[PDB]
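Have a look below at one chain only, the form deposited in one PDB entry, in structure tokens format.
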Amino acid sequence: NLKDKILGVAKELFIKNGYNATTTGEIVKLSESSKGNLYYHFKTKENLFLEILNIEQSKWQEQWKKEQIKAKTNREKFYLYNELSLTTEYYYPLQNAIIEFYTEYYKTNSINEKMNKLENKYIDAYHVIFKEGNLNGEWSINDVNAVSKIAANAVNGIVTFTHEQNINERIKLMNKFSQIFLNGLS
């Protein structure tokens, strides 16, 4: 394939090197491609990037649904989502690339034109869990949305700013977190 072969090197580039660190030239070089390929469906570089997030985000979002069955009550759905995100190979490994891209593009409002659409799948997992949890009376959350975002980010914090130490110690901290969090919701 051509496109699915570009996104295959581009993603690997954004992960290994930063966002800025990987150049369109590089992608085209280890893909035997040209400049044209990037025009009709692959416009700007930020387009290629925002696209890889979308894919990744979904591969993750999907692995979560084929793996959340192992969780009975939402309280378990909370711990488990926060645990899996630490071991996934999807999206979360690009967080660094994202940090850059989210600062190298603040003046250009053409970003949030589809950026926040991604931010939604980001807090959706937490939005369902916190809500369906009210139903199951597992807790009483009145501001589900704030909490949804607070959780997603806090979690992304622990996954991202601890990507160097013993993976097992990580699963430990993240767990004490979920625990301390949910417990603070009642």
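Between two forms, the rigid core is the largest collection of C-alphas that superpose within 1.5 Å. One rule holds for the numbers: they count along the sequence shown, beginning at 1.
What comes next is about the form deposited in another entry, which is not displayed.
Sole member of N47, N54, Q68, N37 with a C-alpha shift of at least 2 Å between the shown form and the other one (core-superposed): One residue passes the 2 Å cut-off, namely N37.
Indicate whether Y105 shows a C-alpha shift of 2 Å or more between the shown form and the other one, with the rigid core used for the fit. Shift at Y105: 2 Å or more after core fit.
Taking the rigid core as reference, does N175 move its C-alpha 2 Å or further between the shown form and the other one? No, its C-alpha moves less than 2 Å.
Look at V28 and decide if its Cα position differs by 2 Å or more between the shown form and the other one after superposing on the rigid core. Comparing the forms between the shown form and the other one, which are aligned on their rigid core, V28 does shift its C-alpha by 2 Å or more.
Closer or farther in the other form, the Cα atoms of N175 and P93, when the shift from this form is 3 Å or more: Compared with this form, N175 and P93 lie farther apart in the other form.
Tell me whether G157 and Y106 end up closer or farther apart in the other form, going by their C-alpha atoms; the shift is 3 Å or more. It is closer: in the other form, the C-alpha atoms of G157 and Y106 lie at least 3 Å nearer than they do here.
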